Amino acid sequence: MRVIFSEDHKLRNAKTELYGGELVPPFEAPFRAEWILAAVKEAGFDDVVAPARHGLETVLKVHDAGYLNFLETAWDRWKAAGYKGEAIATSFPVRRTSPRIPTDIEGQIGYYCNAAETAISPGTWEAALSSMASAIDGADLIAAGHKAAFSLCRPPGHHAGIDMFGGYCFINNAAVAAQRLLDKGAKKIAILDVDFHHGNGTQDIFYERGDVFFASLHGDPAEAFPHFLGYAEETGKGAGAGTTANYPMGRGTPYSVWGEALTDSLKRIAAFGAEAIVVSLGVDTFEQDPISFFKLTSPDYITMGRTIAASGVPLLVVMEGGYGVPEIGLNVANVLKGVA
């Protein structure tokens, strides 16, 4: 399978992340793409191509225009305001608050944010565009007839909701990919999130749409970021009633239980009738991940990939989470091995 990768991902190189009450070096650093890229090539996937140029037409069908306009100029405005650090929101539109949109940069960054551990830095916008481009190109390959494809996205995107950034995400790459397949002719597409954290951004985007089925396996929100979405009771709303399936699991969950949730999600995706599956791939489900509590081993990823590929429909794999140890590359490559 071809691999879509952009070097502009390095344009996103934030110097701080709010974690544990301190501003430490970002968990989502440029070396993640470097390590993963090296491992896939090592696993035989050496056909890496850069993404072509794309407009905002696709993304404008899954993200709010106000939100996108905000991201494009967020940094400039923050710096213009005289702030010394990176752009970080501290005030949020939570319970029982007005739906009105602030005008100043301080108010808008909070309005458009769901997580304060994510800082907007110089070049974040450009990086997010390149990453989105990689997802769009991967979709085109699938739309062209290829059975599999890997969009090495960075920054990740499953936490980017309709009009909010957070969890290191700015533009929901998988959502853009699924939307791309639809504009290319598909009628039904499914997004499967295997990343450890719930794909709240993705769920929000398609929660009221019946044309995209969203399935996510993840750490119980009761005790895992993003914390405020991902419960099994969330199955869809209105036009999207019934097209959302969350599978929250506790601490220490091994492939034994995980594998079962995967099977079920695939059963519901088939029943949905997906013409293709966009896989939000996160390897932070690894037993050695620094910020997750699942216990999957490197071999499990080969099993995971094979199972998903057995669906019989084309697959577009999109990079999401996975941090710390260098095995993230191994684990990502193992998934592509299974799929191939």
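In case it trips you up, residue 1 is the first one in the sequence shown, and so on. For the two forms, the rigid core is made up of the largest set of C-alpha atoms that agree within 1.5 Å on superposition.
Comparing 299-307 with 50-58 by root mean square Cα distance to the shown form in 6 other deposited structures of this protein, with the rigid core used for the fit, gives 50-58 as the more displaced stretch. 266-274 and 161-169 differ in mean CA B-factor, and the higher of the two is recorded for 266-274. Just going by the entry, 178-186 versus 192-200 on mean CA temperature factor gives the higher value to 178-186. If you compare the C-alpha temperature factors of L217, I109, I205, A143 in the entry, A143 comes out highest. The entry assigns its greatest Cα B factor, within the set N246, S256, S98, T124, to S256.
Sort the chain's modelled residues by C-alpha temperature factor and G250 lands in the middle third, per the entry. The PDB entry assigns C113 a C-alpha temperature factor belonging to the lowest third of its chain's modelled residues. Among the modelled residues of its chain, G210 has a C-alpha B-factor that falls in the highest third, as given in the PDB entry.
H227: CA B factor in the lowest third of modelled residues in this chain (values from the PDB entry).
Sorting the modelled residues of the chain by their CA temperature factor places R32 in the middle third.
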